[PDB]
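To be precise, the following lines are run-v5.cif, and they hold mmCIF, C-alpha atoms and all ligand atoms.
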```cif
data_model
loop_
_atom_site.label_atom_id
_atom_site.label_comp_id
_atom_site.auth_asym_id
_atom_site.auth_seq_id
_atom_site.Cartn_x
_atom_site.Cartn_y
_atom_site.Cartn_z
CA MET A 1 0.00 0.00 0.00
CA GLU A 2 2.94 2.27 -0.76
CA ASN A 3 2.13 1.29 -4.27
CA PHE A 4 -0.69 3.85 -4.49
CA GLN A 5 -0.85 7.62 -4.57
CA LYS A 6 -4.10 8.93 -3.17
CA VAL A 7 -5.68 11.45 -5.50
CA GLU A 8 -8.88 12.27 -3.55
CA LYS A 9 -11.39 10.83 -1.13
CA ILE A 10 -14.48 9.86 -3.12
CA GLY A 11 -16.50 7.94 -0.57
CA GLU A 12 -17.08 6.72 2.94
CA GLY A 13 -19.49 4.45 4.85
CA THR A 14 -18.63 2.73 8.15
CA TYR A 15 -17.18 -0.32 6.25
CA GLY A 16 -14.40 2.06 5.24
CA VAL A 17 -13.18 5.02 3.24
CA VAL A 18 -12.73 5.05 -0.56
CA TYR A 19 -10.11 6.97 -2.49
CA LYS A 20 -9.46 7.49 -6.14
CA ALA A 21 -5.80 6.47 -6.34
CA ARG A 22 -3.00 5.91 -8.81
CA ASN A 23 -0.65 2.94 -8.82
CA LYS A 24 2.86 4.53 -8.50
CA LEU A 25 4.48 1.94 -10.76
CA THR A 26 1.80 1.00 -13.39
CA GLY A 27 0.00 4.31 -13.54
CA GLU A 28 -3.41 2.67 -13.23
CA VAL A 29 -6.20 4.73 -11.67
CA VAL A 30 -8.27 2.67 -9.31
CA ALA A 31 -10.63 3.06 -6.37
CA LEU A 32 -8.93 2.03 -3.17
CA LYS A 33 -11.17 1.05 -0.25
CA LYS A 34 -9.46 0.96 3.16
CA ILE A 35 -11.50 -1.35 5.41
CA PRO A 36 -10.52 -11.94 10.62
CA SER A 37 -9.81 -15.11 8.60
CA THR A 38 -13.49 -15.57 7.57
CA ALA A 39 -13.61 -12.18 5.82
CA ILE A 40 -10.39 -12.83 3.94
CA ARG A 41 -11.76 -16.07 2.46
CA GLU A 42 -15.12 -14.48 1.71
CA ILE A 43 -13.63 -11.50 -0.12
CA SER A 44 -11.31 -13.91 -1.99
CA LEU A 45 -14.51 -15.56 -3.31
CA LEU A 46 -16.02 -12.25 -4.35
CA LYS A 47 -12.87 -11.52 -6.41
CA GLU A 48 -13.94 -14.36 -8.78
CA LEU A 49 -17.38 -12.78 -9.24
CA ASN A 50 -16.99 -11.09 -12.69
CA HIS A 51 -19.83 -9.56 -14.63
CA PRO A 52 -20.22 -6.43 -16.71
CA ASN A 53 -22.57 -4.73 -14.15
CA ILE A 54 -20.48 -5.47 -11.09
CA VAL A 55 -17.55 -3.22 -10.30
CA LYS A 56 -14.44 -5.34 -10.75
CA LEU A 57 -12.49 -6.17 -7.57
CA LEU A 58 -8.91 -6.21 -8.92
CA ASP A 59 -6.98 -6.87 -5.74
CA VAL A 60 -7.14 -7.57 -2.05
CA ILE A 61 -4.37 -6.28 0.19
CA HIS A 62 -3.97 -7.48 3.76
CA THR A 63 -1.23 -5.48 5.45
CA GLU A 64 -0.89 -5.22 9.25
CA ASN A 65 -4.42 -5.23 10.85
CA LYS A 66 -5.52 -3.19 7.80
CA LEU A 67 -7.26 -4.40 4.66
CA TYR A 68 -7.50 -2.64 1.31
CA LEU A 69 -9.65 -3.55 -1.62
CA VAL A 70 -8.54 -2.34 -5.02
CA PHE A 71 -11.47 -1.72 -7.38
CA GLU A 72 -11.71 -0.50 -10.95
CA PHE A 73 -12.57 3.17 -11.00
CA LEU A 74 -15.81 4.48 -12.50
CA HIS A 75 -16.39 8.15 -13.14
CA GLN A 76 -19.62 9.12 -11.54
CA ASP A 77 -22.20 7.74 -9.08
CA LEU A 78 -25.95 7.71 -9.69
CA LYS A 79 -26.74 10.21 -7.00
CA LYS A 80 -24.52 12.89 -8.54
CA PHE A 81 -25.99 12.04 -11.94
CA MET A 82 -29.59 12.21 -10.65
CA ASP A 83 -28.78 15.63 -9.09
CA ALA A 84 -27.18 16.89 -12.30
CA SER A 85 -30.27 15.70 -14.23
CA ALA A 86 -32.74 17.06 -11.67
CA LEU A 87 -34.19 20.00 -13.60
CA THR A 88 -34.81 17.90 -16.70
CA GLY A 89 -35.12 14.32 -15.44
CA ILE A 90 -33.25 11.31 -16.73
CA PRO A 91 -34.86 10.26 -20.05
CA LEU A 92 -36.97 7.11 -19.70
CA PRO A 93 -34.91 5.10 -22.17
CA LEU A 94 -31.77 5.63 -20.00
CA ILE A 95 -33.70 4.93 -16.78
CA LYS A 96 -34.84 1.67 -18.40
CA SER A 97 -31.32 0.78 -19.58
CA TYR A 98 -29.86 1.34 -16.16
CA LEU A 99 -32.64 -0.64 -14.41
CA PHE A 100 -32.15 -3.50 -16.88
CA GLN A 101 -28.33 -3.67 -16.42
CA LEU A 102 -28.72 -3.46 -12.64
CA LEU A 103 -31.15 -6.35 -12.74
CA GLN A 104 -28.57 -8.42 -14.80
CA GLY A 105 -26.01 -7.62 -12.12
CA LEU A 106 -28.42 -8.72 -9.38
CA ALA A 107 -29.50 -11.88 -11.14
CA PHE A 108 -25.86 -12.86 -11.62
CA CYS A 109 -24.87 -12.20 -7.92
CA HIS A 110 -28.11 -13.77 -6.74
CA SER A 111 -27.58 -16.93 -8.82
CA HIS A 112 -24.32 -17.24 -6.84
CA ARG A 113 -26.12 -16.61 -3.56
CA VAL A 114 -24.37 -13.27 -3.01
CA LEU A 115 -26.45 -10.36 -1.71
CA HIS A 116 -25.70 -6.64 -1.62
CA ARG A 117 -27.90 -5.85 1.40
CA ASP A 118 -27.12 -2.10 1.23
CA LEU A 119 -27.94 -0.86 -2.23
CA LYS A 120 -28.25 2.87 -2.77
CA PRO A 121 -27.56 5.52 -5.47
CA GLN A 122 -23.97 6.08 -4.12
CA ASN A 123 -23.17 2.41 -4.74
CA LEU A 124 -24.37 2.53 -8.36
CA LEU A 125 -21.57 3.76 -10.63
CA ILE A 126 -21.76 4.88 -14.29
CA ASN A 127 -19.39 5.53 -17.15
CA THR A 128 -19.40 7.49 -20.37
CA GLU A 129 -20.43 4.49 -22.50
CA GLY A 130 -23.82 3.91 -20.86
CA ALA A 131 -22.86 1.19 -18.42
CA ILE A 132 -24.00 1.14 -14.82
CA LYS A 133 -22.39 -1.16 -12.25
CA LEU A 134 -23.01 -2.25 -8.59
CA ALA A 135 -20.22 -1.51 -6.04
CA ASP A 136 -19.84 -2.86 -2.41
CA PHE A 137 -21.52 -6.16 -2.44
CA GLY A 138 -21.06 -9.39 -0.72
CA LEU A 139 -19.18 -7.00 1.65
CA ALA A 140 -22.01 -7.05 4.20
CA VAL A 141 -26.64 5.71 7.92
CA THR A 142 -29.17 5.54 5.00
CA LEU A 143 -32.26 3.52 5.71
CA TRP A 144 -34.13 4.83 2.75
CA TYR A 145 -33.59 1.67 0.63
CA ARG A 146 -34.09 -0.89 3.34
CA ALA A 147 -36.53 -3.78 2.75
CA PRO A 148 -39.45 -4.03 5.18
CA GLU A 149 -38.38 -7.48 6.44
CA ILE A 150 -34.96 -6.19 7.58
CA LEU A 151 -36.76 -3.37 9.45
CA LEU A 152 -39.08 -5.94 11.04
CA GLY A 153 -36.13 -7.88 12.49
CA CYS A 154 -35.98 -10.81 10.11
CA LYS A 155 -32.62 -12.53 10.77
CA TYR A 156 -32.40 -14.60 7.55
CA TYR A 157 -33.37 -12.26 4.72
CA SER A 158 -33.00 -13.19 1.08
CA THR A 159 -32.00 -11.81 -2.27
CA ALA A 160 -35.40 -10.06 -2.24
CA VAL A 161 -33.90 -7.31 -0.15
CA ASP A 162 -31.88 -6.10 -3.10
CA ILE A 163 -34.94 -6.09 -5.37
CA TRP A 164 -36.73 -3.88 -2.86
CA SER A 165 -33.82 -1.40 -2.73
CA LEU A 166 -33.50 -1.40 -6.48
CA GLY A 167 -37.30 -0.74 -6.74
CA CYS A 168 -36.90 2.31 -4.47
CA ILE A 169 -34.01 3.46 -6.74
CA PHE A 170 -36.15 3.05 -9.88
CA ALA A 171 -38.92 5.15 -8.38
CA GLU A 172 -36.40 7.81 -7.37
CA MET A 173 -34.91 8.02 -10.89
CA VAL A 174 -38.41 8.44 -12.30
CA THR A 175 -39.82 10.97 -9.80
CA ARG A 176 -36.46 12.70 -8.97
CA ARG A 177 -37.26 12.43 -5.28
CA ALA A 178 -36.50 9.61 -2.76
CA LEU A 179 -39.46 7.30 -2.34
CA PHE A 180 -39.05 6.52 1.45
CA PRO A 181 -36.65 9.04 3.04
CA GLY A 182 -36.96 7.92 6.70
CA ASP A 183 -34.87 9.51 9.45
CA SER A 184 -35.19 6.58 11.86
CA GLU A 185 -35.96 2.89 11.64
CA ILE A 186 -39.56 3.41 12.69
CA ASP A 187 -40.03 6.49 10.49
CA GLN A 188 -38.70 4.44 7.56
CA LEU A 189 -41.10 1.63 8.31
CA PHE A 190 -44.02 4.03 8.84
CA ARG A 191 -43.34 5.94 5.55
CA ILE A 192 -43.41 2.52 3.81
CA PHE A 193 -46.74 1.73 5.57
CA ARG A 194 -48.33 5.08 4.74
CA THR A 195 -47.66 4.57 0.94
CA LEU A 196 -48.09 0.83 0.48
CA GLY A 197 -50.48 0.37 3.38
CA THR A 198 -49.81 -1.33 6.72
CA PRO A 199 -49.02 -4.98 6.00
CA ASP A 200 -51.11 -7.78 7.53
CA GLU A 201 -51.64 -11.53 7.38
CA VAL A 202 -53.66 -11.32 4.13
CA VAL A 203 -50.88 -9.69 2.03
CA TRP A 204 -47.83 -10.98 4.02
CA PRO A 205 -48.46 -14.30 5.76
CA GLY A 206 -46.36 -14.38 8.98
CA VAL A 207 -45.75 -10.64 9.13
CA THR A 208 -47.48 -10.27 12.53
CA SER A 209 -45.17 -12.74 14.18
CA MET A 210 -41.96 -11.07 12.95
CA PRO A 211 -39.62 -10.01 15.73
CA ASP A 212 -40.24 -6.23 15.77
CA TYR A 213 -43.79 -6.31 14.52
CA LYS A 214 -46.13 -4.60 17.05
CA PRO A 215 -49.91 -5.01 17.11
CA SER A 216 -50.05 -1.30 17.95
CA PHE A 217 -48.73 -0.31 14.43
CA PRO A 218 -51.12 2.20 12.85
CA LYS A 219 -53.28 0.71 10.10
CA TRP A 220 -52.89 2.92 7.01
CA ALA A 221 -54.70 2.17 3.74
CA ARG A 222 -52.59 1.48 0.68
CA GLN A 223 -52.25 4.39 -1.70
CA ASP A 224 -53.03 4.42 -5.33
CA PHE A 225 -49.90 3.36 -7.19
CA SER A 226 -50.43 5.92 -9.96
CA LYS A 227 -50.01 8.55 -7.15
CA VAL A 228 -46.63 6.96 -6.21
CA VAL A 229 -44.82 7.24 -9.53
CA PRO A 230 -46.50 9.65 -11.88
CA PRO A 231 -45.45 9.54 -14.81
CA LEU A 232 -44.20 6.07 -15.10
CA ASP A 233 -46.20 4.22 -17.77
CA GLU A 234 -48.36 1.30 -16.64
CA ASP A 235 -45.68 -1.31 -17.60
CA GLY A 236 -43.06 0.41 -15.42
CA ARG A 237 -45.69 0.70 -12.67
CA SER A 238 -46.60 -2.97 -12.79
CA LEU A 239 -42.89 -3.87 -12.60
CA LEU A 240 -42.27 -1.41 -9.77
CA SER A 241 -45.20 -2.94 -7.66
CA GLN A 242 -43.79 -6.41 -8.15
CA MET A 243 -40.44 -5.18 -6.90
CA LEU A 244 -42.12 -3.56 -3.88
CA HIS A 245 -44.27 -6.52 -2.77
CA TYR A 246 -44.24 -6.82 1.01
CA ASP A 247 -43.90 -10.57 1.06
CA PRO A 248 -40.24 -11.38 0.06
CA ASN A 249 -41.58 -14.55 -1.42
CA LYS A 250 -44.04 -12.76 -3.68
CA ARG A 251 -41.46 -10.06 -4.59
CA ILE A 252 -40.21 -10.52 -8.21
CA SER A 253 -36.74 -12.05 -8.74
CA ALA A 254 -34.15 -10.22 -10.78
CA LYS A 255 -34.37 -12.96 -13.34
CA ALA A 256 -38.20 -12.70 -13.68
CA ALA A 257 -38.03 -8.89 -13.77
CA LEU A 258 -35.71 -9.07 -16.81
CA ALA A 259 -38.52 -10.79 -18.71
CA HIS A 260 -41.11 -8.11 -17.71
CA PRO A 261 -42.89 -6.36 -20.74
CA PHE A 262 -41.33 -3.05 -19.64
CA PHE A 263 -38.03 -4.18 -21.11
CA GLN A 264 -39.46 -5.18 -24.54
CA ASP A 265 -38.10 -2.00 -26.11
CA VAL A 266 -34.97 -1.62 -23.96
CA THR A 267 -31.93 0.00 -25.60
CA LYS A 268 -28.60 1.38 -24.34
CA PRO A 269 -28.38 5.11 -24.56
CA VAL A 270 -25.32 6.96 -23.50
CA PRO A 271 -25.64 9.54 -20.79
CA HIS A 272 -24.37 13.08 -20.95
CA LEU A 273 -21.78 13.16 -18.18
CA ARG A 274 -20.03 16.17 -16.78
CA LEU A 275 -16.86 14.92 -15.08
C1 LIG B 301 -17.21 5.27 -3.53
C2 LIG B 301 -17.97 4.36 -4.48
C3 LIG B 301 -19.14 3.66 -3.78
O1 LIG B 301 -18.55 3.12 -2.63
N1 LIG B 301 -17.00 3.36 -5.01
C4 LIG B 301 -16.39 3.56 -6.21
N2 LIG B 301 -16.54 4.79 -6.79
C5 LIG B 301 -16.00 5.00 -7.96
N3 LIG B 301 -16.08 6.19 -8.51
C6 LIG B 301 -16.67 7.29 -8.17
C7 LIG B 301 -17.52 7.40 -7.09
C8 LIG B 301 -18.18 8.58 -6.85
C9 LIG B 301 -18.04 9.68 -7.73
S1 LIG B 301 -18.99 11.13 -7.49
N4 LIG B 301 -19.60 11.22 -6.03
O2 LIG B 301 -18.25 12.39 -7.93
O3 LIG B 301 -20.08 11.00 -8.49
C10 LIG B 301 -17.20 9.58 -8.79
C11 LIG B 301 -16.50 8.40 -9.05
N5 LIG B 301 -15.30 4.04 -8.57
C12 LIG B 301 -15.09 2.79 -8.08
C13 LIG B 301 -15.65 2.54 -6.83
BR1 LIG B 301 -15.52 0.90 -5.85
#
```

Could you take the file, read its structure, and then write that structure out as structure tokens?
Ligand SMILES: C[C@H](CO)Nc1nc(Nc2ccc(S(N)(=O)=O)cc2)ncc1Br
Amino acid sequence: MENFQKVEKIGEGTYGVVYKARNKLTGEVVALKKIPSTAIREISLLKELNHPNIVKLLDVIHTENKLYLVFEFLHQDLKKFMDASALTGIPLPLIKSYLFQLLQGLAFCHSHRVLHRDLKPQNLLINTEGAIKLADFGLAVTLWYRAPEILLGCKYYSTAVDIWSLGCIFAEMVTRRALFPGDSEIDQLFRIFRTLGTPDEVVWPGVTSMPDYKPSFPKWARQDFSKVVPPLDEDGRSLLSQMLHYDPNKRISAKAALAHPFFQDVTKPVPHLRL
């Protein structure tokens, strides 16, 4: 890790801090993430997990209590791009491209039993050629993308959690505002309830016996879905509702979502990026 000149800090969670960096000898520009035997073996496995819509993990560096992951560098994240596009909106065909590629990335990881668990716009990275890629997964303060079953204390949650988060991202790209911007776990859960309606045994068998479920939860009626994402067309809306099903078992898989009618006319536009 003397092999790398830090250029700038580009990110941080509590996992670690991410820098754009330059290899002193090869000149390559990379993203360097500065972060237990179990974790070493696990991240070794993730290194083999190559797909066009997953940020490539090039190298793992374990040096004295400290662990660095060396990633390929992409040039902008989706949040910054959504903000830059905020007056105009991202054109539907590019929204659809990005949602489609993200679903290919999920299906691939999911087929390997690898989950993201913490998807958000800052983990979705774009380039000038119209690709979008997922960063930070298998690695497992923003609750906004969190699936209802995590919030209800489920211990053994599934690949469905990433479909939920990706559904909330889709809605946000379309409306140019976050769908569920909670500022606490309960606020997050109650904002979900107030839009989609308070879940019960009819729509989510077993929900009322989940660890943090309370009979005292207010009982809100579900809102009209056309009020949630105007002006998504009805195909996008149907796909969105399948991604935001309460019951993780009813919630559409990445693989099934790829086949949804919404993607019948999918293409790959290039975005206009200001770097
Ligand atoms: C920090 C980000 C998500 O953890 N990780 C990466 N980010 C990038 N690039 C990056 C991230 C953010 C931005 S920003 N915030 O200017 O759009 C620009 C480039 N590249 C590879 C990785 Br891994």

* To do: Would you list the residues that come within 6 Å of ligand LIG 301 (chain B)? Count only C-alpha atoms and all ligand atoms and give the answer as a list in words.
  => residues 10, 11, 18, 31, 71, 72, 73, 74, 75, 76, 77, 80, 122, 123 and 135 of chain A

* List the residues sitting within 7 Å of (-32.6, -13.0, -6.0) in the file's frame, using all atoms listed in the file, as a list in words. => residues 106, 107, 110, 111, 159, 160, 253 and 254 of chain A

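Ranking A:229, A:168, A:25, A:35 by their shortest atom-to-atom distance to residue 12 in chain A, with all atoms listed in the file included, puts A:35 first.
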
* Residue contacts of range 26-28 of chain A (12 Å, all atoms listed in the file) excluding same-chain residues fewer than 5 positions away, as a PyMOL selection string -> chain A and resi 3-7+20-21+58+70-73

* Could you pull the residues within 9 Å of residue 46 in chain A, counting all atoms listed in the file, minus those fewer than 6 positions along the same chain, as a ChimeraX atom specification? -> /A:57,114,137-139

* Residue among A:112, A:191, A:250, A:96 lying closest to residue 233 in chain A, counting all atoms listed in the file -> A:96

* Structure fact -> With distances taken over only C-alpha atoms, the candidate from A:163, A:92, A:196, A:210 nearest residue 231 in chain A is A:92

* To do: Please return, as an NGL selection string, all polymer residues that have at least one atom within 10 Å of the point (-23.5, 11.5, -9.4); use only C-alpha atoms and the file's own coordinate frame.
  => :A and (75-85 or 121-122 or 124-126 or 273-275)

Written file, previous selection with C-alpha atoms, as a short mmCIF file (atom, residue, chain, number, x, y, z; two decimals), keeping the file's coordinate frame:
```cif
data_model
loop_
_atom_site.label_atom_id
_atom_site.label_comp_id
_atom_site.auth_asym_id
_atom_site.auth_seq_id
_atom_site.Cartn_x
_atom_site.Cartn_y
_atom_site.Cartn_z
CA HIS A 75 -16.39 8.15 -13.14
CA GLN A 76 -19.62 9.12 -11.54
CA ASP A 77 -22.20 7.74 -9.08
CA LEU A 78 -25.95 7.71 -9.69
CA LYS A 79 -26.74 10.21 -7.00
CA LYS A 80 -24.52 12.89 -8.54
CA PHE A 81 -25.99 12.04 -11.94
CA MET A 82 -29.59 12.21 -10.65
CA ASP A 83 -28.78 15.63 -9.09
CA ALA A 84 -27.18 16.89 -12.30
CA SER A 85 -30.27 15.70 -14.23
CA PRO A 121 -27.56 5.52 -5.47
CA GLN A 122 -23.97 6.08 -4.12
CA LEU A 124 -24.37 2.53 -8.36
CA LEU A 125 -21.57 3.76 -10.63
CA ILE A 126 -21.76 4.88 -14.29
CA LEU A 273 -21.78 13.16 -18.18
CA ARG A 274 -20.03 16.17 -16.78
CA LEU A 275 -16.86 14.92 -15.08
#
```

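Across the structure, CA of residue 150 in chain A and CA of residue 213 in chain A are spaced 11.2 Å apart.
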
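Shortest atom-to-atom contact with residue 243 in chain A among A:59, A:162, A:118, A:136: A:162, counting only C-alpha atoms.
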
* To do: Pick out the closest residue to residue 178 in chain A from this set: A:19, A:145, A:154, A:164. Count only C-alpha atoms.
  => A:145
